[PDB]
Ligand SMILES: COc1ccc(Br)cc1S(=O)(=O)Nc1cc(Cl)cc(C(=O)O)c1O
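Consider the single chain below, provided in structure tokens and representing the form deposited without the named molecule.
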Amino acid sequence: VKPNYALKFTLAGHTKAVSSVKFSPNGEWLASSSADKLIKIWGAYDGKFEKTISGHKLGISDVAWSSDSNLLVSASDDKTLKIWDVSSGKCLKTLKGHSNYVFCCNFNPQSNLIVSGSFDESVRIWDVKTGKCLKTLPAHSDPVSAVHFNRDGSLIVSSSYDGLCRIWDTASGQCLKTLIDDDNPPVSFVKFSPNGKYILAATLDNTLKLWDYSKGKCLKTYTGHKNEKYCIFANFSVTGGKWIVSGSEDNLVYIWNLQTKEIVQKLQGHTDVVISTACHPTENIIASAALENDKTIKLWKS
């Protein structure tokens, strides 16, 4: 019925607000990115600091792992993405082509492609091996908040402050679907469900929503949190109970029962907006990170 997530570790060291935390697919590591221009690597279980990864010239808003937990891509205000080899710390490629801050990024499930969204209102698809831009999508009319690939990589989901979520054919770059509901709030986050049937989408009106994007229908609504200013990640938690996990601008982490949409827990301790959360791929471990007045990461376990 309900989770029992308790604070285990508080990770410190980013010198400015944290923007993103992500667990590696193999469950060994946690990567964080930050407005301090740095990427940091922590042990997923003991929170033990591993290394710092640097090279971006301005703050980073997102970081993402390749399927094999070997590479990272980061999206920065310096208008680049960078492909990092985690074990050697090398910047392998610097993807240039966006005309404004790069906000979000993800590998496809094969880690041969990267998708990015930017304040320049485009979605771009990059080749991992050459670091070149394969397509630019004129996706939105306002800044793009989130970009995600589906289970086979055949589709890409986009989110923007223009109020739309869009689905794209990865091979053609064609828009296959535009989702919006009865109000048009800025869409601040989007991602596919692990089975690839649904998109979970956040809007700046304090609302998360589960969509069946084929049927074009909102299935579930998750409310209770505070989310009007910032692009807060949300997650499907599947290692124990089937939850929805999201930060909040009231400094708490919210956990919903996915089916019944009830708040089943709130996690307390950050001293600022909880901007990013992440769910461990095989343990009941939640990572959370907060903004300028906190600068810490926290590992909770149930």
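Don't overthink the numbering: it's just position in the shown sequence, from 1.
Stretch exceeding the other in mean C-alpha B-factor - 126-134, 200-208
Per the deposited B-factors, the answer is 126-134.
135-143 versus 215-223: which one carries the higher mean Cα B factor per the record?
Of 135-143 and 215-223, the stretch with the higher C-alpha B-factor average is 215-223.
Going by the recorded CA B-factors, say which third of the chain residue 24 sits in, lowest, middle or highest.
It falls in the bottom third of the chain.
Using the B-factor values recorded in the entry, state whether the Cα atom of residue 55 falls in the lowest, middle or highest third among the modelled residues of its chain.
Ranked within chain, residue 55 CA B lands in the lowest tercile.
Entry-reported Cα temperature factor of residue 87, expressed as the chain third it lands in:
Ranked within chain, residue 87 CA B lands in the middle tercile.
Quick one: classify residue 181 as lowest, middle or highest third of the chain based on its Cα B-factor.
Tercile = highest for this residue's CA B-factor.
Ranked C-alpha temperature factor of residue 75 among modelled chain residues, by third:
Residue 75: CA B-factor falls in the lowest third of its chain.
There is another form of this protein, the form deposited with the named molecule bound, and it is not shown here; the text below is about that form.
Result of superposing the named molecule in the deposited complex onto shown chain, 2.4 Å backbone or C-beta criterion:
Output flag = open.
Interface segment, criterion being heavy atoms within 4.5 Å of the named molecule in the deposited complex, picked from 262-270, 66-74, 49-57, 229-237
It is the stretch 229-237.
Note which of 172, 195, 88, 141 lies within 4.5 Å of the named molecule in the deposited complex, where distance is taken over heavy atoms; exactly one does.
Checking each option against the named molecule in the deposited complex, the one that comes within 4.5 Å is 195.
So, residue 210 and the named molecule: in the deposited complex, are they within 4.5 Å at any heavy atom pair?
So residue 210 counts as contacting the named molecule.
Can you tell me if residue 220 lies within 4.5 angstroms of the named molecule in the deposited complex, counting non-hydrogen atoms only?
Within the cut-off, so yes.
Under a 4.5 Å heavy atom criterion, is residue 253 part of the interface with the named molecule in the deposited complex?
Although the named molecule is absent here, residue 253 would stay clear of it in the deposited complex, with no heavy atoms inside 4.5 Å.
Residue 30: touches the named molecule in the deposited complex, heavy atom cutoff 4.5 angstroms:
Outside the cut-off, so no.
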